[PDB]
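Novice: experimental structure and its sequence below.
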Amino acid sequence: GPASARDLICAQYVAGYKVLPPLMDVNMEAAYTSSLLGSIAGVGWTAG
Amino acid sequence: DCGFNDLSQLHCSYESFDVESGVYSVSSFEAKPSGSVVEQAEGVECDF
């Protein structure tokens, strides 16, 4: 049934409009932030 | 002819036989009714 009262996701199917998934999955996005966290100490020591 | 297939619908919507490479949403497939249900109260009987 509806997940919530006036559920948007169930409403989308009845109307026929669909919400497309994002360009990058959560795991890939997490990997980008994890690599950035590791490089933070090293990058800010010298110019370039 | 748009009716035969989804690729044909895409060609009709764009109005070009040659379409640039892309992902394009087209009219959603619509569920078709397999039956007709009518409900009305039925009451009272003639007495012999």
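Specialist: Thanks, I have the structure now. Residues are numbered from 1 along each chain as shown, chains lettered A, B, ... in the order given.

Novice: contact residues of chain B facing chain A?
Specialist: B:25, B:28, B:30 (C-beta under 8 Å from any C-beta of the partner chain). (C-beta placed from N, C-alpha, C; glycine too.)

Novice: quick one, what contacts the second one?
Specialist: It refers to residue B:28. For residue B:28, the contacting residues are A:16, A:18, by C-beta atoms under 8 Å, 6 or more residues apart in numbering or on different chains.

Novice: swap the cut-off to 6 Å and go again
Specialist: residue A:16 (C-beta atoms under 6 Å, 6 or more residues apart in numbering or on different chains).

Novice: chain B: helices as residue ranges?
Specialist: B:6-14 (DSSP state H).

Novice: whoops, chain A was the one
Specialist: Ranges of helices in chain A, per DSSP H, are A:8-15, A:26-43.

Novice: same list (these) but as CSV, adding mean neighbour count and distance to residue B:7.
Specialist: Below are those laid out as CSV (neighbours: other C-beta atoms under 10 Å in any protein chain shown; distance: least, C-beta to C-beta, whole Å):
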stretch, mean neighbour count, distance to residue B:7
helix A:8-15, 11, 24
helix A:26-43, 9, 30
